[PDB]
Structure formats: structure tokens, C-alpha cells
Amino acid sequence: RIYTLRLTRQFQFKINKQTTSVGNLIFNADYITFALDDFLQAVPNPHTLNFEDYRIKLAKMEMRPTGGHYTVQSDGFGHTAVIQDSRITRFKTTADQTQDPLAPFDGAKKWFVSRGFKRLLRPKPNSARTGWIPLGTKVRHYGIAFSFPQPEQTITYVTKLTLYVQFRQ
Amino acid sequence: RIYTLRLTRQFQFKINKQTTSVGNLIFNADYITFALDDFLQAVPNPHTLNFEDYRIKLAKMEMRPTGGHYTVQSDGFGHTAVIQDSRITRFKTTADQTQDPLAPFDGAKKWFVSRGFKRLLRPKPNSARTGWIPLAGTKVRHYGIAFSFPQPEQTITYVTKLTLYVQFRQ
Amino acid sequence: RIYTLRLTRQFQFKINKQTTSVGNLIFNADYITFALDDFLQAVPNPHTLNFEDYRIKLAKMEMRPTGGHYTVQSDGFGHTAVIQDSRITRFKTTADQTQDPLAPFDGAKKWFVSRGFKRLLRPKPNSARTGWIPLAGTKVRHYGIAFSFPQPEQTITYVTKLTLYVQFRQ
Amino acid sequence: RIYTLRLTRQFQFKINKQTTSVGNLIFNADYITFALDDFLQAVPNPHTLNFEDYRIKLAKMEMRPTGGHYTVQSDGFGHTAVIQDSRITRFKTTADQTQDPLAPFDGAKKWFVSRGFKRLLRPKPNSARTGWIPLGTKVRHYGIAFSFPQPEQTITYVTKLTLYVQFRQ
Amino acid sequence: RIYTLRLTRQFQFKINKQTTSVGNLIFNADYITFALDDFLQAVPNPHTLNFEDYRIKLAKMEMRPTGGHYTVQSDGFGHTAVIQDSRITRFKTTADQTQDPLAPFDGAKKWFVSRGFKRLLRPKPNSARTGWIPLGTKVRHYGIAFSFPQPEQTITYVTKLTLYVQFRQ
Amino acid sequence: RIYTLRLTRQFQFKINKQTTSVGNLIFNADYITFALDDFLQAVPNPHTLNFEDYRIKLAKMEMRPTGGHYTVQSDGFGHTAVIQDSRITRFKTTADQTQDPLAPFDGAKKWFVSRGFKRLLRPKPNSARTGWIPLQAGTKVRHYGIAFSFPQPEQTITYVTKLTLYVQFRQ
Amino acid sequence: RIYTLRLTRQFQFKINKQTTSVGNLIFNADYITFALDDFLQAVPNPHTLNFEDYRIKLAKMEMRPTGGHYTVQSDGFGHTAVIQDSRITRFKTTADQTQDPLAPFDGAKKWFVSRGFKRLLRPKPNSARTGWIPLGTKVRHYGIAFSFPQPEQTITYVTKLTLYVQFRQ
Amino acid sequence: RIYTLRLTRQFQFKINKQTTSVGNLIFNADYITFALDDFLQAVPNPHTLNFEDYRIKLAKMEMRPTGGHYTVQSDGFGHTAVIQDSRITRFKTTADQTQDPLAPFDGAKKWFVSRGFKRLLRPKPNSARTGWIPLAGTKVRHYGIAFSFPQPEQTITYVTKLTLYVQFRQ
Amino acid sequence: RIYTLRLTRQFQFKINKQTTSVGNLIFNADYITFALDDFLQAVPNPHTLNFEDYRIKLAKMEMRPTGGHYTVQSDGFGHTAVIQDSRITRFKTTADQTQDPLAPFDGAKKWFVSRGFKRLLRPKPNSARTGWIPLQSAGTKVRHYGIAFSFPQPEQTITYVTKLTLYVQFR
Amino acid sequence: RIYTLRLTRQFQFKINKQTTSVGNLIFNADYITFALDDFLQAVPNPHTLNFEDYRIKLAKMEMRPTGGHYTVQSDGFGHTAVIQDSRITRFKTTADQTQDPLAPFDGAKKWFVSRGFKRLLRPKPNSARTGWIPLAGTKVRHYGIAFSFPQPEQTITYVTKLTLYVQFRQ
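Residues numbered from 1 in each chain as written, not as in the entry; some residues may be left out. Chains lettered and ligands numbered in written order. Heavy atoms only, no water. Residues with missing side-chain atoms left out of burial classes, pairs and counts.

Colleague: Is there a simple way to explain the pairing of strand 6 (residues 117–121) of chain I in this structure?
Modeller: Every regular strand shows the same layout, with side chains that alternate between the two sheet faces. Residues and elements named next belong to chain I. Burial along strand 6 is one-sided: the residues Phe 117, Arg 119 and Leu 121 are buried and none of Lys 118 and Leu 120 is. Where strand 3 (residues 53–66) meets strand 6, five bridges bridge the pair, whose relative direction is antiparallel. Directly across from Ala 59, in strand 6, lies its bridge partner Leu 121. (Buried < 20%, exposed > 50% of the residue type's maximum accessible area, 1.4 Å probe, protein only. Helix = DSSP H or I, 4+ residues; strand = E, 2+ residues; numbered from the N terminus. Pairing = 2+ DSSP bridges.)

Colleague: Can you walk me through the arrangement of the chains in this structure?
Modeller: Here chain B and chain D are not in contact; the least distance found between their C-alpha atoms is 11 Å. The two units chain F and chain H never meet; even their closest C-alpha atoms stay 41 Å apart. (Contact = heavy atoms within 4.5 Å.)

Colleague: Can you help me understand the packing of aromatic side chains in this one?
Modeller: Think of a pair of aromatic rings as described by two things: how far the centres are apart, and how the planes are tilted against each other in angle. Overall, the coordinates contain 144 aromatic pairs over all chains when judged by the stated rule. Summarising the aromatic geometry, the rings of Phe 147 of chain C and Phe 149 of chain C are spaced 6.2 Å apart at their centres and angled 40° between planes, so their arrangement reads as tilted. A single burial state applies to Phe 147 of chain C and to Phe 149 of chain C, both of which are buried. Through successive ring pairs, a cluster of aromatic residues spans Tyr 3, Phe 51, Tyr 54 and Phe 167 of chain G together with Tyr 3, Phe 51, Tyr 54 and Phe 168 of chain H. In this structure, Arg 169 of chain H packs its charged tip against the face of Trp 132 of chain H, placed 4.0 Å from the ring centre. (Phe/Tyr/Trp six-rings, centres within 6.5 Å; stacked < 30°, edge-to-face > 60°. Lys NZ or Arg CZ within 6 Å of the ring centre and 35° of its normal.)

Colleague: Quick question: what am I supposed to make of the environment of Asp 53 of chain J here?
Modeller: Residue and element names in this part refer to chain J. With respect to the helices and strands, the residue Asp 53 is situated in strand 3 (residues 53–65). With relative accessibility at 7%, the residue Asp 53 sits in the buried group. With residues near it in sequence (within four places) discarded, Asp 53 still touches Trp 132, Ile 133, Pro 134, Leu 135, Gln 167, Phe 168 and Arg 169.

Colleague: How should the interface of chain F and chain D be read in this particular structure?
Modeller: It is common to give the size of an interface as the accessible area lost on bringing the parts into contact. Contacts between chain F and chain D engage 14 residues on the former and 14 residues on the latter. Sorting elements by how many residues they give to the side of chain F that touches chain D places strand 1 (residues 2–15) of chain F first, with four residues. Of the residues in the side of chain F that touches chain D, the class split is nine nonpolar, four polar and one charged. Sheet topology note: the strand 1 (residues 3–15) of chain D/strand 1 of chain F ladder contains two bridges and is antiparallel. (Nonpolar A, V, L, I, M, F, W, Y, C, P; charged D, E, K, R; others polar.)

Colleague: For this particular structure, what's the right way to read the interface of chain I and chain B?
Modeller: Counting from both sides, the interface comprises 21 residues of chain I and, opposite them, 18 residues of chain B. Viewed at the interface, chain B and chain I are joined by one salt bridge. Measuring nitrogen to oxygen at the nearest pair gives 3.0 Å for the salt bridge that ties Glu 62 of chain B to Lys 110 of chain I. Counting every contact that joins chain I to chain B gives 12 residue pairs in polar contact. Mapped onto the side of chain I that touches chain B, the elements with two or more residues apiece are strand 4 (77–82) and strand 5 (109–112) of chain I. Residue classes in the side of chain I that touches chain B are distributed as 10 nonpolar, seven polar and four charged. (Salt bridge = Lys/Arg side-chain N within 4 Å of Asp/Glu carboxyl O. Polar contact = N/O pair within 3.5 Å; in protein donor to acceptor, adjacent residues only side chain to side chain.)

Colleague: Whenever I open this one, unusual backbone geometry confuses me. Can you help?
Modeller: Most peptide bonds take the trans configuration, and most residues that are not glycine carry a negative phi. The omega torsion across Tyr 142 of chain E and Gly 143 of chain E is 5°, close enough to zero to call that bond cis. Assignment of secondary structure puts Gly 143 of chain E in strand 8 (residues 141–149). With omega at 5°, the peptide bond leading from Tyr 143 of chain H into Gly 144 of chain H counts as cis. Position of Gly 144 of chain H relative to the elements: it lies in strand 8 (residues 142–150). Positive phi values are uncommon outside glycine, yet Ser 21 of chain C reaches one of about 55°. One can find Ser 21 of chain C in the loop between strand 1 (2–15) and strand 2 (27–34).

Structure (C-alpha cells):
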């Protein structure tokens, strides 16, 4: 018997207007990781239940523009990629690049800057094989990265993350 | 915090060939009710976990023909209806009916005998208002789905799967 | 304020196998009319409620094969037509015809004998203009839907469901 | 001002089982032409109205199997073709042919023998140019031909023809 | 025998421009409840009929922008949730929230601020079980709540509520 | 034998910017009726053809914005309703309403102000039962009818309206 | 044996802003005819081949806005109509019209001024019956007309015409 | 200037009932090639027109069952594959195979034996690059489409139509 | 740089007619596992190409009826389930079951006996985390799990053609 | 056995506002070619593997507006065309044209300036027939896709992504 718990949190994300080499195409990127404790603030504590292990079965990231940005105002496209190891940490690019850093990655999916994206993924921490983790709740799971060409104007987004967490006795 | 558990069970159902007033249209009906205990045989009891109460959020009934019955073989249509009280029990009538007993009911939906059906429902048992039942508690019966059918010229066997989507609260 | 009441009844219909001029195409037809009293067997008279008038806003006829007839077994096509006057009464044809009697009618819709049909219509009885009839009153005949068919090689039995959408006003 | 009249008639059509060269693929064909008088027998005549001319705007042929033939019982495919002159008459095939006689024709459309077909066409008779004809009603309009590979068993069809006729004063 | 009556009413709704913590993501929410007297006039009226009980079978809320707001103008997304008791009242928030108050709820559905939303629900008042209430018509039914991230500019909406009410003798 | 004639005419319609109770939600409405004479501007009387009766089988109203109005610019929604009697005439509202006057009506359909609408209807005038009206006065018989409501917008919106009549004549 | 040749040409078309009866609805219209020589400027001549006759089987007209016009900017709707004789010429009206001149015509199809339109047609010149013309190439074929309510601002379009021409030996 | 010509021809194809290792899964295959001369039997030669060269831009193969075979009668699935050189000839196949010979090939697409298939392809013969062939020239063989199938329990007859879309330029 | 190789093999599978508890509903099940060596007999070992590791990114199982079985002949439904450990091995049932053994499993998907099924999965063998396995071959024989499928026992025997597809990555 | 590799690169493309013959319709065009070395870097690299040959099975070009251009702001339509030899070079037009230079071409596909386009193609370099090239080598240029456009009233900037689907064999 597997019990499932859905958790969610939100935050703002900004893509800043291009200020260097204006008129040329440059890319940047960022990334998101997942830990059960990131989502256990407004929620009672699972350890008080007689569950032995938990597993992050599925995660969802949805980032959509706000601040009055026009969806019909084109700002190019970047990519999203599911990267399931610590290597993802290098994708909060400190320097601008001339090429999209995530387009070459396995399973890279295009997304349009002015419309945002929604993507499902299976983030990864016997645990190494199945993902079942003893209750622990701070174990980092990787992960989703997203790239973008730098736009002419700053764009603000609302990001919602959703965890689909499994528990077994 | 709401935890969700999916449970399922299956069984055979048979619509027997018409042997009475053959050549004329007659209807019968049957029904299904839901209790958490119906689904807790291969599964430990959730109260061994420190859950306070449970609620049957959703139920699904899918009944599909087997035994070699042809789906393209027309055997008319009956109806399904969600009936959320003990009154549903009156619907497996020992005697045949001349009219479809469920067609008049609120939310009745047609189904073709040779195809079967799939239907979702919210079966119902302060608990009387919310549906939360303390974790004998697992045996509270929830109602309910009835299904009617015109009697066919030949017997039809079905595979039925029931699914419970059960909520547990901390 | 308009209150709506949905009523339904079912019956068997049969298209008999062709026995005359076998091997040639012949057509027959039948028709259905609607009266509130046809549907009030299981319901008290709405006049016991303080309703003054009623109106048959909409009617639905669904006729689907049964008796094991194969839907993939081709038996040609006839037509359905909404006929809102006494002329419809001539369409329970006592004699066979060489042409489809309903195909020429305004709004005629093709239907395949082996599949049946479903059709909505607005049957017709200040009453003459609006359809509002004082609540005798429940027996006013409303017309109407006719359906034609080429005579098949073998007898086909159908289950017919009729639905009335009846309006009542305050 | 154009007034439109819809006329229809039906008849049985039969494709006989192959009795020659059994086991080999052969094709035959037939055709249909349209004249207003073909459809006016059960219809009060337009002659009684003060219309000057008529024109066959559109014609429809629908031929569907009957006699208990199974639609899932495959019997190959032939073609339909719109042929707008007297040449069509040669397509009531006297002799079996080794190739589909209509497949090469302009606008030929496949149809499956066990399903039948539905096809719209603009049959053709200043009248030669526009189609307007003085009220006359026996002018022949061409036309639709249909071919078929000869099946192993006889198949009977119900055929409905529909005329969409325009009238002007 | 069940007789059905459809009732409807409309009103304006405003999401005010963000004036606190400007530049940061904050959420607010509101809610709607349903009483038959919200929709009824003195004429015509079901009380004058001989019905014994009524039941709100279904309710519909549709809220759509007006005032010239651009639908292609992105303003993020909030959530709707069906809440079937008086607790819903705590979602008319006086204090702004850093997290979406309805996203965690069972059955929460995303909606985009600049688009509005349409949602069906079964609001709740043996009456507690079936919903049948003696005619009375002031009984309050719950309920639908909706959240939103505070936008940069005020947005005005047209809201239509619809009740599908059943009556029995 | 039924002969069908399709007729059409167009005109401009305007919803004026709200000038009363500005900032609050108010509704207005208007309506359209149909007479064969409305559409026979350029066609001889069908009676000169040997037709005896006519019947308005179907009518269509399509109203779409013009004047550069943005379809993506939201201006709320009103309703359309088919009203087949003289009661429709009261929907040329001289006074503003706080509620949508057509939303409660049987068959009311929502439409978005910034998009316009298209709707089919069967307008109504033995004639009372069937709709067949003698030709000769007959062509001026008014048929009812479609009404449409709207919340008053912040700015004036101009529309193009096309009406289409599907008229039957029998022998 | 029928050989087919596809030819295409483009040009600019303009609907000028309304200057007469400003504030009121007025209509205008224009039209397009087809001759093989209109399309043989950058293509070798077919008579160098041993083709006896040619026939314009199909024509396509596509007119789409340019010059930065917003497709979401409503400017009403007009109609297109296929008119297969020389009378089509009367539709380039020197005077504005109070009604849409093409809406009454058989087969008229609505088109929205701010989106443009695309339409297929069979333009018309034994030749009158079939359309086969001896190679001749200047024969005029009619034709497609399009009407429009006059807009508040000028709208520029790109028009592409395509001919599908048949040749037989 | 490019002129286009559509040509077509038909023939019967049969998949014989399994007679070897009956009860076990075995595969066979066949193939089709294209030459303009295959399609010019009822057509004059384009060189009588002053065309210099031709090119097969596109080819279509459609093979559909006949002889009364039931499309709902499951007989497994094989594959089709476009193979653009003479190696296509290697699927004779003189010996039955235990594996589907075309499933591994690039671009292989599944087809169900009881339904047949339709597929478009670009068959291939400066000419080696462009495909333009001077107008013996009409006999250049273009490759090609192969199709495999698991051997059925009963013989299945098909009608096959090939279509050529040939370009000619001045 | 990731290089992808698609490999496929086929075989026959049979569901035998019910001979125990005839007239009652019983279920059985079977399962499939994946090893690169199961698909690499015609192809030389990818280690002869200068590849160091391989990883089974994706696997597909498609099982469709043959032997003349009618797709319109109903024979109920079972389930498929992705099981990524040794537990799958117990699902070639030695005994008939009164309940569907795979219906309770995470991600179980219904399939109809008379139609067959098609399902994609990610079968599982730093290798334990990522799936990258060294080439040498012991590596190419590492068993990956896995897909199990259950079925109600039918009244007559049904034969299927099964095609397995491996999507293998090399770096 | 065929191993497949996906490669991608991006760059900015710009259609400049019209400055000549302002007010009249004129066309210009450009083109893209493909070489494996356009997409490769010094490490990792295919040469270090024991592959005999490679070939570009498929290429994809996607060009989409950026810089804040409104997709709903109409700027007409041009065409894309696959041109598989060096003649394509003549389509980076130095002089403005009154007619669309690619619209007459075989397989020309319309595209709207304000929306951009996505197109698949088979670019071309026994090698001339099949595309297989020995690992010249990775520098062989493959042709090719050209795209035309009516000159707009304002400058439009695009992001372009090219994708190569490369096959390798031992």
C-alpha cells in the first residue's frame, strides 16, 4: 500500500533585461532542485505517522509570466532539461554564452520566453535504485534546468512547484 | 495534510439470457455499494498508521464484457445512475420490469449492453456532512451506483473492476 | 420562472424481414407522436402543483438495435423527418413503396438500419402559437417524428427510448 | 434572386459475384447521369411557376451496402470519377478489364467496395457555359462513373441521388 | 418527479493593484456562497407553488475580465477550490500571503488572472446528507473560493452565478 | 416541393461608452425582428412567381466588432435570447439595469462584448401554427425575434451586423 | 494523359481608410481575373512542347495583411464570391455602397478584413463546355470578387495567386 | 517549368496460409520497385512531347485486403520499409524467418496484416544526385518499398494500387 | 554526446483457455525483462566501437493478437505495470488468482485481452543511480526490470505477436 | 546497425526594414547550409569512434521572432524551399525582387514573417546517392534550405535553431 501526498510552493522569478552587448544573441540559464523539507512548512510533520520510507515519485514546475507582459510579444525560445545529478548546479550561469547551454541535452524541450512553460519530471536523490528514502526529509533531488535568450526588457514570472510524494509502511 | 490511497477489486457479473416473456422488452437492474473493508484484504489496516479518519473521495466502476461476446452484436442499452442513499437497495428487483427503472433518475446515463460502461461517482456513507469517518469504521457502507439493462437474447459475462480513491488525514 | 421536467419511456420496435418482392428494394415507414399523458404513468398530475400551463419544449427519440443484430451488418439506410401536422398520420405505411417516402421532406436525415438513430425535435400541438397548453390538457397530441427504412433481409428488433423535456411556468 | 430546390430518388444497385477468371483481379464499372425529369415524377412541376431558367448546381450520389453484407468483410477498392460529357457512356463495362478503368482519371477518388461511397459533383449539360437552361427538363447532365474489382460474392446496395437545382425568373 | 429551475445573478468584482511590498509576489483570495434568496424576487417565486423541498443540484461561477483589460496581458495564475463549510470565510484575506492559500487544497484548479475562470460545483447547505431542504430559501450553501497573485494594475471582472435548483412535491 | 431563398442585409450597431454610474456594472439590451419586406429591397415580389405562401424557416444574426476594437481587449459578456412574441419589444431598454435582463431567459447564450456573436433562430409571426403566410401585406408580417444584452463598456464599440433570412416558398 | 503546371504571382493590394460618410458603414469591392499569360513571365513557353490544348483547372487567391496591421484589431467582415463571367467587372464600384455587394451572391463566404482570406475557385473562360483551349494563352478566365467594409485606417496586403493548369497532347 | 503527371496501376497480391512450423511465429517479406515504363502501357511516351528528362518525385503503395477477409480478424503485424537500392532484392524470401526482417530497418513502420497499408516514398534510380533521367531511359528501375508479414493461419488476398508522381521539365 | 541505437526482437505469446474453476473469474500474469545481449546478436559489441558505457534509456513492449482472433470478440481486461526490481520475478503465476495481481500496483494500466497493448517503460538494472553500465561482456548481460502484464483467463486460447524495442544510449 | 546523434546550434537572424522603394512590395531571400563541423567541437567528437561513415539523415530549421516583436502584428508571408545543390547560393539576393523568388519552386511552403517557421528537410552533400560520407569528411557541406520574405516596414529580429540528425555506421 502506497500513500501519496501532494505538496506545492510558489515564488517569483525574474529574467532581467539585456544590458551587455545589446543587439546580439546571448543565453543564460538557471535550475531548480527538490527536497521534501522545502515543502513541509504549512504542513504537519510526516514522521509522526508510522511511515518508514518516502519517495518523490513526480515533480512539476510551471513558470508563467506576470507583471503585465504580453504573451504575443515575442522574446525567443530557450529550453528545459531534466538533469538528474549534481552537475546541474553549474547551470546558474555566471557568464553569458553565445549558444543555448541546454539545447544539446538529452530530452531538451523548447519553451517560449513570453509564454513560460510547464514540465513534469522524475527528480532523483536501495535508495539509489528505487528512490525510497528512510524518514532524511532534506535529501536533495535533481532536477530541472531552464535556459533563455536574454530579452530586451525584464520579465517577471510566477513559479509553482508541485511534489507528488509517496509513503510506504 | 491529506494522503491518498488507491484500492481496487474485481469480480464477475452475468446478465442472464431472457427466459421469460421471450420476444418482449423487459428490464432488470442491479447496484454496487462501497465499504473500505471491501478493499482491505491484501492491504494492512490504515489505523496501524496514526491516521485519524478517512473519506472515500471518489469511486470508479468499470464493467466490460468477456466470454467472447461480440461488441458489434447489438443488445440494446440501459442506464447507470448514482444513488446516494439506502433506497438504492430496491433496484435488484426479483421481478422483471417493463420500463427502464433508472432512465427517469437524476443524472442517468445511457450504456450499451454489448459494450459495458465506466463511471465515476462520489459515494456517500458531523460525518453525515463531511464524509470523514473515524478509523468497524472501515465497514461503513457508502452509496452508490445502480445499473439497468434490457434482458438479452443470450447470456453475457462481464469483468467488473471497482476502484476506491480514499483520503486519510493527519 | 420556468420549471422543467424530464420524462422518459421505452418500448420495442421491430422491422420485419422482407417477404414480398424479395430481391428488390422497397420502403416502409412509421411515426411517433407525443402527449404528456403518455409519460405520466409514474408521476402525479402537475396540476396538484400550482402550475397553470405546460409546454413540450423538446422531445428526443433514440432507437437502437437489439436481439443480437450486428452493427457491422449492412442493411441500407432510410430517413427521419420532423413533421409537425396531421399529415404525419399517413406514414405508418400499410403498403410497400418503391421510393423512400421521407427522403424528400424538409430536414430529412439519413439513418442506417443496422445502427438506429437519435434525433431531437420540437413537437407541436395562444397555444397554437406558443405551445403553452392549460393543465384533457395533458392528452393534447404533439407531432411528430417519422422514420422510413428499406425492408431488410432479416427481422431487426430495436429498443426505443423517448424523452420529453416539459416546461411549466409560474 | 435564385430559388433552390432539393430533389432525390433512390434505386438498388448490384455488383455480381465474379464468375469469369475466378481467382484473378478484374475490374468493371458503371455510371450515372442526371436529368431534372428523372426527379420530378413525384413532385409538382416547376413548369407551373414563372421561372425562366433552371440549373443543376450540385449533385450527390450515395451508394451504401445492404442485404446483410458485413462492412468489416473486405472486398477491395475501386474509384469514382466525375466525367462531364457523353464519353462517360462507355464505362458500363461490357468486358472485364485487368486494370481499374477510372483510377487514371482526373480527380479519381478511391472507395471501398464493402463500404460504398458518397460523392458530390457538378454535372454538366450560353447554356453550355453557365448551365442555365430554359424551362428543357430532359436535358442530360454528366456525370459520375464508379469502378470496382469484381468480388467473390454478390453485393447489393441502396443508392440515393440528390439534385440541388437553382431557378431564376 | 423532480422539477428543475435555473436562476442567475451577476455582479462586479475587482482585483486591486498591488500597493504593498511592490515588486514581490503576494497572494490574496475571496469566496462566494449561495442562497436561493440571493437569486429570487417576490415574483415569480417557488414558495407560491406546492413544492415541499428544494435542493441546489449544481452551481456555476464564471468570472471574466472587463474594463478593457487585455487577455494577452500576463498577470500570473491563482487557484479555485470548492470549500463546503463556513471555514471558507477565512479566505477573504485582510493580510497578504506569501504563498497561494488555495493551491494546497483538494481539487484546487489553476486559473489565469487575465483570463478569469468558469467552474461548476455542488455547494452544500438528512439535509446535510442529501441537500433536500424544506421551503428555508435563506439557507446558506458553500462554496467556492478563488485566490490570485496581486497584479500590477487593477483588474475589473463581470461575475455570473448560476444555480440549478431541484424541487419535489 | 419547397423552394428556398436566402436574403441578407447589413447595418452598423454601436454600444456607447458608459456615462451613468461610471465604475459600476450596469446592463442594457436591444433586439431585432424580421420581415420579408426588410430583405426584398432588390427582388420582385415572390407572388409574381406563382407562389401562394412563404415561411421564414430560419434566421441568422452575426454581429462583429469593427472600428479597430481589439478582440483581446476584454469588455465582459452579455447574453442573447430568442423571444418569439411581442414581449421582446420591451428590451429596447430606456433605463440602465443592474442585472442582465436576458440571462434569466430560456435558451440564453453568453456572448463576449469584444468578440460579437453569431446565432441561428426560428423567428415566428393556420399561419399561427405552421408559419406559412399568404402572399398577395403578407410580406410585412413581423417575425420575432432575437434580443441581446451587454454590460456597458468603458469605451464605445462599433459593430457590423449581418442578418440572413432563409425563406421557404411552396407549390 | 494530363500534365499539370503550377504557376504563381504576387502583388500588393490596399484597402484605403474611409473618407466618405465617416462614422457610417460603407462597402466597396474589387475582383481578380486569370489568364495564362499573366503567369508566364519568368517561365518558358508551353507551345515549344507538343501540347494541343490547355485548361485552367483550379485557381487560388490568398490575401493577407502586412505593414504591421494587428490581426486582433477588428475591422469587420466582407465576402468573397466566385463569379464566372465578365459581369464581375462591375464590382470595382466607383461609388461607395451601403450594403455588402457580394453577400447576396451564390456561394458567398465571409472573410474578416484584419485577417485576409484564402479561397480556391474554378475560373472559366467544346471550349465553353470543358474549358480546354487551343494553344490562346491570353483568354480571360473569371473570376473571384471580394468586398469589404471601409476601415478607419488604411490596410496593406500581400496577395498571392496560384494557377493549376492542365495540358493534354 | 515543371510539369507533373500522375500514373497508376493495380495488381493482386496474396499472403499464403502458413504451412511450415504451424503453430509457431514465422515471417516472410516481399518488395516493390518502380520504373516509368511499368506505368506507360495506356499512355503515349512523354518524349513525343518535347520533354528532355523526367524524375519520379513521389510514389505511393496501397495494399488492402479483399476476398471477403475480415478486417477485425487479427493476424498480427509486420513492417514496411523504404529501401533505396538493390539490396531490397534480398527479401525474396526463399526461406521463412523467425524474426521480422524489416523491423530493424531505418524508418520501419508497423502495419496490421488484416488491414493492409498505405505508404508514400521517394524511390531512387548528375542523375545519381538529382534523380533527373533523360527520356531505355523510361526503364530505369527506382527503389523501393519492402513489406514483411507474420504468416497467417489462412490465405489473404489483397488489391494493390501503385501511384507514380512524375515530374517533367522544359 | 549521446549516440542512440534502436534494437528490436519479436516472439509469440499465448494465453491458454481456462481449464480450472471454469465459469469463474481467475487471473494470471507474466512478465518481460530486458538485457542488451538479448538484442545484440546480429550487431557487433558496441565496445568495438570506442564506446565505454551504455544505458537503456527506453523500452517498448507491443503485444497484438493473431491467429484469427476477432478484436471485436470481448475477453475482458487485465493490467500492465512497470516493476523495477526482483519482485517482478514472482509474477509468472504458478497458481491462479481470484483478483488481478497487477491492478493494485503503482502506475497499473488497463489493457483489453482481445486488443493487446503497447507500453513504454524505463527498465532499471554510479550505475545504480544513472543506469550507465560499463562495456567490455558482463555489462551487456545486466538484466533490466521490467514490465509485467496480467489477464483474466479467457474461454478460448489466444495467440499474440510480441515486439520488444530497446532504445540504448552510448557515450 | 545505425547509431544516431542529435546536434544543434543557434544564431540570430535579422530582416531589415525596407529603405528602398518604400511603399511598394519587394522580396528578398537568404539560405542555410549544413556541415557536421558547423555543429561539432574539439571534444567530444565522432572521429575518435570507430565509425566508417556518417550521413545527415534529417535537418531542422526553426526561426522565431524576438526583440519584443508582436506575433499578432502582420507583416505578410514568404516561402521556404529545400534546394539540394550549390545553386541555392544565388538566393541571398543582393537586389530586391518584385516577385517572390521561392514561391515558384517545387515544394515551396508559405510562412508568415511575424511568426517565423519550422521546417524539416533532407539536406544533400555512392555518396551522391545514399548520403553516406567517410569520416572532406565532416566538412562536406550539405544543401539546403532557402527562405524568402517581403521586406517589412520595421526591422524584425529572430532566434534560429538548427538541428542535425546524423547517422553513423561501422
